[PDB]
file data_38.cif (mmCIF, C-alpha atoms (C1' of nucleotides) and all ligand atoms)
data_coords
#
loop_
_atom_site.label_atom_id
_atom_site.label_comp_id
_atom_site.auth_asym_id
_atom_site.auth_seq_id
_atom_site.Cartn_x
_atom_site.Cartn_y
_atom_site.Cartn_z
CA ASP A 172 0.00 0.00 0.00
CA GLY A 173 2.04 2.92 -1.30
CA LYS A 174 4.55 3.88 -3.96
CA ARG A 175 5.43 1.20 -6.51
CA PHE A 176 8.48 0.63 -8.69
CA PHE A 177 8.12 1.78 -12.33
CA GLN A 178 4.36 2.26 -11.85
CA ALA A 179 2.34 5.42 -12.28
CA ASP A 180 -1.09 7.12 -12.51
CA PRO A 181 -4.39 5.15 -12.76
CA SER A 182 -5.14 3.13 -15.86
CA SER A 183 -7.92 1.66 -18.00
CA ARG A 184 -6.30 0.20 -21.14
CA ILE A 185 -5.22 -3.44 -20.73
CA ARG A 186 -2.52 -5.22 -22.76
CA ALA A 187 -1.00 -8.68 -22.43
CA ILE A 188 2.31 -9.31 -20.65
CA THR A 189 3.86 -10.49 -23.93
CA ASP A 190 4.41 -6.93 -25.20
CA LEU A 191 6.34 -5.76 -22.14
CA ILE A 192 9.00 -8.23 -23.17
CA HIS A 193 10.28 -7.86 -26.73
CA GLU A 194 12.12 -11.11 -27.43
CA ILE A 195 8.96 -13.26 -27.17
CA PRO A 196 6.50 -12.41 -29.98
CA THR A 197 3.48 -10.29 -29.09
CA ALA A 198 -0.09 -9.91 -30.33
CA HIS A 199 0.70 -8.68 -33.85
CA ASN A 200 -1.72 -8.20 -36.73
CA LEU A 201 -1.90 -12.01 -36.84
CA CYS A 202 -3.20 -14.84 -34.68
CA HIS A 203 -0.23 -17.22 -34.72
CA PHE A 204 3.22 -16.39 -33.34
CA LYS A 205 6.43 -18.27 -32.48
CA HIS A 206 4.39 -20.82 -30.48
CA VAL A 207 3.13 -18.29 -27.92
CA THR A 208 -0.44 -17.29 -27.11
CA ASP A 209 -1.51 -14.29 -25.03
CA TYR A 210 -3.59 -14.54 -21.83
CA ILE A 211 -2.50 -18.18 -21.36
CA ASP A 212 1.16 -18.12 -20.31
CA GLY A 213 2.93 -15.38 -18.38
CA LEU A 214 6.34 -14.31 -17.16
CA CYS A 215 7.96 -14.64 -13.75
CA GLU A 216 8.72 -11.75 -11.40
CA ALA A 217 12.38 -11.55 -12.46
CA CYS A 218 11.36 -11.59 -16.12
CA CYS A 219 8.78 -8.89 -15.40
CA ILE A 220 11.43 -6.74 -13.70
CA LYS A 221 13.92 -7.20 -16.54
CA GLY A 222 11.14 -6.30 -18.98
CA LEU A 223 10.31 -3.19 -16.98
CA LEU A 224 13.96 -2.12 -17.22
CA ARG A 225 13.67 -2.46 -21.01
CA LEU A 226 11.22 0.46 -21.11
CA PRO A 227 13.64 3.45 -20.72
CA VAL A 228 16.21 1.90 -23.06
CA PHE A 229 14.59 -0.25 -25.76
CA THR A 230 11.09 1.05 -26.49
CA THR A 231 10.35 1.33 -30.22
CA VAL A 232 7.63 3.03 -32.25
CA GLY A 233 4.14 1.57 -32.07
CA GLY A 234 3.01 2.45 -35.58
CA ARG A 235 3.87 6.21 -35.74
CA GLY A 236 1.00 6.99 -33.36
CA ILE A 237 2.54 5.56 -30.20
CA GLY A 238 5.59 7.58 -29.23
CA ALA A 239 9.07 6.19 -28.72
CA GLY A 240 11.23 6.36 -25.59
CA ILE A 241 13.20 9.26 -24.19
CA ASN A 242 16.19 8.60 -26.44
CA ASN A 243 13.97 8.35 -29.55
CA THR A 244 14.07 5.06 -31.41
CA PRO A 245 16.45 2.79 -29.44
CA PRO A 246 19.96 3.54 -30.74
CA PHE A 247 23.27 1.73 -30.50
CA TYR A 248 24.36 1.38 -26.88
CA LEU A 249 28.08 1.44 -26.11
CA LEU A 250 29.74 1.03 -22.73
CA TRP A 251 32.92 -0.13 -20.99
CA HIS A 252 33.14 -3.76 -19.89
CA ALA A 253 35.19 -5.74 -17.39
CA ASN A 254 35.37 -9.25 -15.94
CA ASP A 255 33.89 -8.16 -12.59
CA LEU A 256 30.88 -6.22 -11.35
CA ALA A 257 33.28 -3.85 -9.58
CA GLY A 258 35.01 -3.25 -12.90
CA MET A 259 31.57 -3.14 -14.53
CA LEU A 260 30.54 -0.20 -12.34
CA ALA A 261 33.95 1.50 -12.15
CA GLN A 262 34.69 1.68 -15.89
CA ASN A 263 31.36 3.45 -16.63
CA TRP A 264 31.31 5.81 -13.67
CA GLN A 265 31.74 9.33 -15.24
CA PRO A 266 29.01 11.48 -13.61
CA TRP A 267 27.62 14.97 -14.26
CA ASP A 268 27.15 17.94 -11.94
CA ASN A 269 23.35 17.88 -12.12
CA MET A 270 21.96 14.41 -11.49
CA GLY A 271 18.21 14.67 -12.02
CA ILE A 272 15.06 13.23 -10.52
CA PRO A 273 14.73 9.49 -11.28
CA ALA A 274 11.44 7.67 -11.65
CA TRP A 275 11.79 5.39 -8.65
CA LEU A 276 10.69 8.42 -6.67
CA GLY A 277 7.04 9.33 -7.23
CA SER A 278 5.49 11.64 -9.80
CA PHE A 279 8.50 13.76 -10.71
CA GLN A 280 8.00 17.48 -11.31
CA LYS A 281 8.75 18.43 -14.91
CA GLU A 282 9.90 22.03 -14.18
CA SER A 283 12.52 23.06 -16.79
CA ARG A 284 14.51 21.01 -19.30
CA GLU A 285 18.11 19.69 -19.09
CA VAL A 286 17.29 16.82 -16.75
CA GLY A 287 20.85 15.49 -16.54
CA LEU A 288 21.53 11.75 -16.40
CA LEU A 289 19.59 10.23 -13.50
CA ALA A 290 16.20 11.52 -14.65
CA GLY A 291 16.88 10.73 -18.31
CA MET A 292 18.27 7.23 -17.84
CA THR A 293 15.16 6.09 -15.93
CA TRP A 294 12.39 7.77 -17.94
CA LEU A 295 9.15 5.81 -17.90
CA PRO A 296 7.19 5.84 -21.19
CA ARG A 297 4.76 3.11 -20.09
CA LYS A 298 2.82 2.01 -17.01
CA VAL A 299 2.06 -1.31 -15.28
CA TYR A 300 -0.73 -2.25 -12.86
CA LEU A 301 -1.78 -5.88 -13.63
CA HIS A 302 -5.05 -7.36 -12.31
CA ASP A 303 -4.35 -10.22 -9.91
CA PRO A 304 -6.67 -13.23 -10.37
CA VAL A 305 -7.83 -15.52 -7.58
CA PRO A 306 -4.87 -17.91 -7.17
CA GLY A 307 -2.81 -18.36 -10.32
CA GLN A 308 -0.48 -20.64 -12.26
CA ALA A 309 0.52 -24.13 -11.16
CA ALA A 310 3.53 -24.81 -13.42
CA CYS A 311 5.42 -22.28 -15.52
CA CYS A 312 5.43 -22.76 -19.29
CA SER A 313 6.77 -19.45 -20.69
CA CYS A 314 10.01 -18.53 -18.89
CA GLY A 315 11.32 -22.09 -18.66
CA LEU A 316 12.06 -22.29 -14.95
CA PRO A 317 9.09 -24.06 -13.32
CA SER A 318 7.79 -21.54 -10.80
CA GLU A 319 4.71 -20.76 -8.70
CA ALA A 320 1.71 -18.66 -9.76
CA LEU A 321 2.84 -16.10 -12.34
CA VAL A 322 1.46 -13.06 -14.13
CA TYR A 323 -1.05 -13.15 -16.98
CA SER A 324 -1.39 -9.59 -18.30
CA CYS A 325 -0.78 -5.93 -17.45
CA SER A 326 -1.95 -2.44 -18.37
CA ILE A 327 0.12 -0.17 -20.62
CA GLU A 328 -0.46 3.43 -21.67
CA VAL A 329 1.92 5.93 -23.23
CA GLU A 330 3.26 9.31 -22.19
CA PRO A 331 4.04 11.83 -24.97
CA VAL A 332 7.70 12.80 -24.77
CA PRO A 333 7.68 16.62 -25.04
CA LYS A 334 9.63 18.83 -27.43
CA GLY A 335 13.15 20.03 -26.73
CA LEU A 336 14.94 18.43 -23.76
CA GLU A 337 18.47 18.95 -25.02
CA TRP A 338 19.94 15.81 -23.49
CA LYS A 339 22.51 13.16 -24.40
CA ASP A 340 22.49 9.59 -23.17
CA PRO A 341 25.99 8.72 -21.86
CA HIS A 342 25.98 5.32 -23.58
CA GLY A 343 24.01 6.23 -26.70
CA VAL A 344 25.51 7.01 -30.10
CA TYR A 345 24.25 10.09 -31.94
CA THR A 346 24.73 11.04 -35.58
CA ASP A 347 26.11 14.27 -37.04
CA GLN A 348 22.63 15.83 -37.14
CA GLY A 349 21.82 14.70 -33.60
CA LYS A 350 19.52 11.83 -34.53
CA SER A 351 19.91 8.37 -33.03
CA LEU A 352 22.30 5.94 -34.73
CA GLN A 353 20.64 2.61 -35.47
"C1'" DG B 1 61.93 -76.95 -98.49
"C1'" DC B 2 61.11 -69.67 -98.00
"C1'" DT B 3 67.89 -65.05 -98.41
"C1'" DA B 4 70.34 -61.11 -97.03
"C1'" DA B 5 73.67 -55.66 -97.11
"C1'" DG B 6 73.89 -51.29 -98.14
"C1'" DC B 7 72.31 -47.16 -99.31
"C1'" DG B 8 67.51 -42.82 -97.44
"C1'" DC B 9 69.79 -34.71 -99.43
"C1'" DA B 10 69.36 -29.66 -97.77
"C1'" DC B 11 69.17 -24.02 -99.20
"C1'" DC B 12 66.30 -19.82 -100.42
"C1'" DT B 13 62.08 -16.73 -99.36
"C1'" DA B 14 57.06 -16.68 -96.00
"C1'" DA B 15 53.24 -9.34 -97.44
"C1'" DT B 16 51.27 -5.55 -97.06
"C1'" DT B 17 45.91 -1.58 -95.37
"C1'" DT B 18 41.73 -0.09 -93.48
"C1'" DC B 19 37.48 0.37 -92.22
"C1'" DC B 20 35.24 -1.88 -86.49
"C1'" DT B 21 27.19 1.49 -85.52
"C1'" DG B 22 23.71 3.93 -83.39
"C1'" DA B 23 19.04 4.73 -80.01
"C1'" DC B 24 15.37 2.40 -77.17
"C1'" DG B 25 13.39 -0.34 -73.55
"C1'" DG B 26 15.34 -1.58 -67.11
"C1'" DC B 27 8.87 -3.34 -63.59
"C1'" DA B 28 5.90 -3.57 -58.83
"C1'" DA B 29 4.04 -6.31 -53.00
"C1'" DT B 30 5.23 -8.18 -49.30
"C1'" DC B 31 6.79 -9.67 -45.47
"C1'" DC B 32 4.07 -4.50 -37.57
"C1'" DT B 33 -0.66 -1.14 -37.13
MG MG C 1 12.19 -16.54 -17.14
#
call {"tool": "encode", "arguments": {"input": "data_38.cif", "output": "structure tokens", "more": "lines below"}}
Ligand SMILES: [Mg+2]
result
Amino acid sequence: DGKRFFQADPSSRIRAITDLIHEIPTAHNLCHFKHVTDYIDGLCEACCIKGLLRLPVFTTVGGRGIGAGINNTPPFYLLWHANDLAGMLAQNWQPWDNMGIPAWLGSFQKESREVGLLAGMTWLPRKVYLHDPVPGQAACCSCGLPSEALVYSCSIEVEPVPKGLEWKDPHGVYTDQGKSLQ
DNA sequence: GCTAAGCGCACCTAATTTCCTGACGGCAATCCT
């Protein structure tokens, strides 16, 4: 009962859990997919979390009506790598003077532009509520690890990314004209 | 019943020209709104 992680204002539109993830096929303009079917099998909690982290980074266009993420169409992502998590964090540490207001706080105040890095790296273009049914699953058949009762669907809306916001992702790659490099 | 040796060439020259095309025609869907 309170604030929730990567969740936002009240919702009405309901979409299946298959579209939060991208690697598994979703409800396209078809009926058959790569042997998946919506509202039958769902993802685990870890898969749901790793799909929620895909939202600020790898959200594409939804047919030119649904807007993209904060860093446009998802560009090339480049970073510095090491054999350890300590070297993982240390080699990509370069911070900026203004941090920003990340989305794991509540409803952030828009105020002026030039968010920084911490507000821009965690921008939420979608929402999640999910309606919990009475009990749930018995054996998992979508993730692969046989788990307890899992999710079935969710609820996704969009937020229009405004104009301006002169901002550069630290790991993104941007062309000569400032557009995203694909 | 049916033979056997020896002998078998090389030199000359072998060519010059000029011409050799142009224009036209080259496709679209449908594989995320
Ligand atoms: Mg899984």
call {"tool": "residues_near_ligand", "arguments": {"input": "data_38.cif", "ligand": "ligand MG 1 (chain C)", "cutoff": "12 Å", "atoms": "all atoms listed in the file", "output": "PyMOL selection string"}}
result
chain A and resi 192+194-195+212-222+311-318+321-322
call {"tool": "atom_distance", "arguments": {"input": "data_38.cif", "atom1": "CA of residue 342 in chain A", "atom2": "CA of residue 249 in chain A"}}
result
5.1 Å
call {"tool": "residues_around", "arguments": {"input": "data_38.cif", "residues": "residue 323 in chain A", "least_positions_apart": "2", "cutoff": "10 Å", "atoms": "all atoms listed in the file", "output": "VMD selection string"}}
result
chain A and resid 186 to 189 209 to 215 301 to 304 307 to 308 320 to 321 325
call {"tool": "atom_distance", "arguments": {"input": "data_38.cif", "atom1": "CA of residue 248 in chain A", "atom2": "CA of residue 343 in chain A"}}
result
4.9 Å
call {"tool": "atom_distance", "arguments": {"input": "data_38.cif", "atom1": "CA of residue 327 in chain A", "atom2": "CA of residue 197 in chain A"}}
result
13.6 Å
call {"tool": "closest_residue", "arguments": {"input": "data_38.cif", "among": "A:258, A:196, A:233, A:181", "to": "chain B", "atoms": "all atoms listed in the file"}}
result
A:233
call {"tool": "closest_atom_pairs", "arguments": {"input": "data_38.cif", "of": "chain A", "to": "chain B", "cutoff": "9 Å", "atoms": "only C-alpha atoms (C1' of nucleotides)", "output": "JSON lines"}}
result
{"residue": "A:199", "atom": "CA", "partner": "B:32", "partner_atom": "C1'", "distance": 6.5}
{"residue": "A:200", "atom": "CA", "partner": "B:32", "partner_atom": "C1'", "distance": 6.9}
{"residue": "A:233", "atom": "CA", "partner": "B:33", "partner_atom": "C1'", "distance": 7.5}
{"residue": "A:234", "atom": "CA", "partner": "B:33", "partner_atom": "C1'", "distance": 5.4}
{"residue": "A:235", "atom": "CA", "partner": "B:33", "partner_atom": "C1'", "distance": 8.7}
call {"tool": "closest_residue", "arguments": {"input": "data_38.cif", "among": "A:254, A:346, A:243, A:262", "to": "residue 296 in chain A", "atoms": "all atoms listed in the file"}}
result
A:243
call {"tool": "residues_around", "arguments": {"input": "data_38.cif", "residues": "residue 268 in chain A", "least_positions_apart": "4", "cutoff": "12 Å", "atoms": "all atoms listed in the file", "output": "PyMOL selection string"}}
result
chain A and resi 285-289
call {"tool": "residues_around", "arguments": {"input": "data_38.cif", "residues": "residue 274 in chain A", "least_positions_apart": "5", "cutoff": "8 Å", "atoms": "all atoms listed in the file", "output": "number ranges by chain"}}
result
A: 177, 279, 290, 293-295
call {"tool": "write_last_selection", "arguments": {"input": "data_38.cif", "atoms": "C-alpha atoms", "output": "compact mmCIF listing (two decimals), in the coordinates of the input"}}
result
# COMPACT_ATOMS: atom_id res chain seq x y z
CA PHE A 177 8.12 1.78 -12.33
CA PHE A 279 8.50 13.76 -10.71
CA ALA A 290 16.20 11.52 -14.65
CA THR A 293 15.16 6.09 -15.93
CA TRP A 294 12.39 7.77 -17.94
CA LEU A 295 9.15 5.81 -17.90
call {"tool": "residues_around", "arguments": {"input": "data_38.cif", "residues": "residue 244 in chain A", "least_positions_apart": "5", "cutoff": "12 Å", "atoms": "all atoms listed in the file", "output": "ChimeraX atom specification"}}
result
/A:226-233,235,237-239,343-345,350-353
call {"tool": "axis_aligned_box", "arguments": {"input": "data_38.cif", "around": "range 290-294 of chain A", "padding_each_side": "5 Å", "output": "lines of an AutoDock Vina configuration file"}}
result
center_x = 15.3
center_y = 8.8
center_z = -16.5
size_x = 15.9
size_y = 15.4
size_z = 13.7
call {"tool": "closest_residue", "arguments": {"input": "data_38.cif", "among": "A:201, A:336, A:259, A:185", "to": "residue 324 in chain A", "atoms": "only C-alpha atoms"}}
result
A:185
